[PDB]
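Q: Before I ask anything, let me first share the structure, which is written out below as structure tokens.
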């Protein structure tokens, strides 16, 4: 329900439904590819909801539970470059390039982050 | 910082001067205490066209390391390009004091002396240059008949 | 029961292009 | 303005002086027994009994560094190569490996062809070929004709090369086609080896290179 409301460009009810999904599964089974999807979709909704702090928190949680994830590191680079945390942005972006050298957007993101850091 | 320096060099050899400068500034920021990183970044800046900022960075480098032969070589080259031979003279003098056994220093010292106009200094330094090395004597010979 | 793998949200290229552009005019502002 | 530019694109009466071309194919002399300023420009290793192969391997190197000593850009590896036929022993890699010991050998019809077709428009200026009269007399290239063109469709004759005695790198800069640019502008180059010395059959190629114009930390 959260995913379909997100796809329907109606994020507010998607956010509440994914929050309900998280709170139902919060107490049990942190592993088993369920909490991972819940937290990832919730972080995506928050980043599309323009609220970044809790999105970064959930992305950090899933990165803790799974480090082998190029998409996660690209998302952290996105969120950190949205804010002015350039060091974390470039670190996670380099991690993503390490995870997958041939990333289309990540090259441009790295160029922009380096240019902004130098000009800062 | 070694990765940053390598990226800057790789951008430099391909002609992307502004990108190479972009890497080199970060390389400096990682390790503020350096000399040849300073020199390479300043060379990138003068490739951009910012000669004054390149000179300021070069002066910061020479202040940080008073004994740096390559830095002094860069001050000499840049001052020769900018027609500041009055101070370039003492730069080459201190440089040839630092390195007495290299024919390149004698060559540039004699060339600067000839440009200034001291014929005796130019001929003496060029004679030392040919005595030290015959591999590059082709240019040294030309500097001979030009002065003579 | 064979539970289906839950669908996951992806970071689209359009939104990241929009954000990098917005950052470009942001730095161009001052 | 429309008319005047068309006249520039299509100069009708301005160009043709007399229409009196000889129409014969010009032949280039490669002999290294005569010393001349023009020959020294095209022949690099210098005029000289037959040197032993170790001198040939030796002189193979200074000819490389002398050609590489000048301000020049090598794009020999920036194009696709397709010879007439292989012999399953050595592809054209051993011809372009810049090693005298290794070489590429073709095996097939007598008019051997070597194709050098480019991906992008690159303006070649200096053509470098190494020959070994004494090391490879049996498979020495005696007769060389270089083509030019923008495609396999429009390949056309450019120059004539008769080989009598050359143990060394041969430099071939192009001035006839463009006197203003002093360089060649084509995307498609092919070479033919229709006959060898002393009525040979096959042909090697010790060296080949392509030239175009344009302290540290570990």
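Readers should treat all values here as calculations from the given coordinates under stated rules, not as data from a laboratory. So basically every Cβ, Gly included, is an ideal-geometry build from the backbone, and we count neighbours across all protein chains shown.
Q: Is there a simple number for the mean count of other chain Cβ atoms within 10 Å of the Cβ of residues in B:29-38, and what is it?
A: 1
Q: Which FRET efficiency value, to the nearest 0.05, do you get for residue A:22 and residue C:24 by plugging their Cβ-Cβ distance into 1/(1 + (r/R0)^6) with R0 = 25 Å? Before the final figure, lay out the partial values.
A: Values: r = 35 Å, r/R0 = 1.42.
After rounding, the FRET efficiency stands at 0.10.
Q: Okay, moving on. Note the angle between two axes, namely the Cα long axis of helix A:104-119 and the longest principal axis of the Cα atoms of chain A, as a number of degrees from 0 to 90, rounded to the nearest 10.
A: Approximately 60 degrees, to the nearest ten.
Q: Mind checking the angle between helix A:53-65 and chain A's longest principal axis? C-alpha axes, 0 to 90 degrees, to the nearest 10.
A: Tilt of helix A:53-65: around 90 degrees.
Q: In cubic angstrom, how much convex hull volume per residue do the alpha carbon atoms of the range A:1-64 span?
A: Dividing the Cα hull volume of the range A:1-64 by its residue count gives 74 Å³.
Q: Ignoring everything except DSSP H segments at least 4 long, calculate the 222 nm mean residue ellipticity for chain D; use -39,500 (n - 2.57) per segment, divide by total residues, nearest 500.
A: The per-residue figure over chain D is -4500 deg cm²/dmol.
Q: Let me know the shape class of chain B, please: from the alpha-carbon gyration tensor, a ≥ b ≥ c as square roots of the eigenvalues, rounded when a/c is under 1.5, otherwise prolate if a/b is greater than b/c, or oblate.
A: Because a/c hits 1.5 or more and a/b exceeds b/c, chain B counts as prolate.
Q: Mind telling me which of A:70, A:105, A:96 comes out most flexible in a GNM of chain A, alpha-carbon contacts under 10 Å?
A: Result for chain A, Cα springs under 10 Å: A:105 fluctuates most.
Q: Let me ask something additional. Per residue of A:103-109, what is the mean number of Cβ atoms on other protein chains within 10 angstrom of that residue's Cβ?
A: 2
Q: OK, next. Give me the one-decimal Kirkwood hydrodynamic radius in Å for the range A:38-120, with the sum taken over alpha-carbon pairs.
A: Taking every pair of different Cα atoms in the range A:38-120, averaging 1/r and inverting gives 12.7 Å.
Q: Right, next: Ratio of the range D:1-212's C-alpha Rg to 2.2 N^0.38 Å, to two decimals?
A: Values: Rg = 18.9 Å, N = 212, 2.2 N^0.38 = 16.8 Å.
Normalised Rg, Cα atoms only: 1.12.
Q: Nearest 500 deg cm²/dmol is fine: what mean residue ellipticity at 222 nm does chain A get from its DSSP H runs of n ≥ 4 alone, each adding -39,500 (n - 2.57), divided by its residue count?
A: It comes out at -24000 deg cm²/dmol, rounded to the nearest 500.
Q: Compute the distance from the alpha-carbon center of the range D:140-174 to that of the range D:204-218, in whole Å.
A: Cα centres, the range D:140-174 to the range D:204-218: 20 Å.
Q: Report the calculated FRET efficiency for residue D:48 and residue B:48 (r = Cβ-Cβ distance, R0 = 35 Å), to the nearest 0.05.
A: 0.10
Q: Something else now. Using the alpha carbon gyration tensor of the range D:94-199, what are the three equivalent-ellipsoid semi-axes (square root of 5 times each eigenvalue), largest first, in whole Å?
A: Working from the Cα gyration tensor, I get semi-axes of 24, 16, 14 Å.
Q: Here is a follow-up. With the cut-off at 32 Å, report for the protein assembly as shown the share of all Cα pairs above it, as a whole percent.
A: That fraction is 67 percent.
Q: Then there is this: Please report the relative contact order for chain A, taking Cα pairs under 8 Å with a sequence separation of at least 6, and give it as a percent rounded to a whole number.
A: On the way: 114 pairs, mean separation 18.4, N = 120.
Dividing the mean separation by the residue count of chain A yields 15 percent.
Q: Test of understanding: in a Gaussian network model of chain B with alpha carbons linked when under 10 Å, which of B:38, B:123, B:115 would top the mean-square fluctuation ranking?
A: Looking only at B:38, B:123, B:115, the largest GNM fluctuation is found for B:115.
Q: Continuing with this model, one more query. Divide by every residue of chain B the summed helix terms, -39500 (n - 2.57) for each DSSP H run of at least 4, and state the resulting mean residue ellipticity at 222 nm, rounded to the nearest 500 deg cm²/dmol.
A: About -25500 deg cm²/dmol.
Q: On C-alpha positions alone, give me the angle between the axis of helix B:69-81 and the longest principal axis of chain B, in degrees, nearest 10.
A: 80
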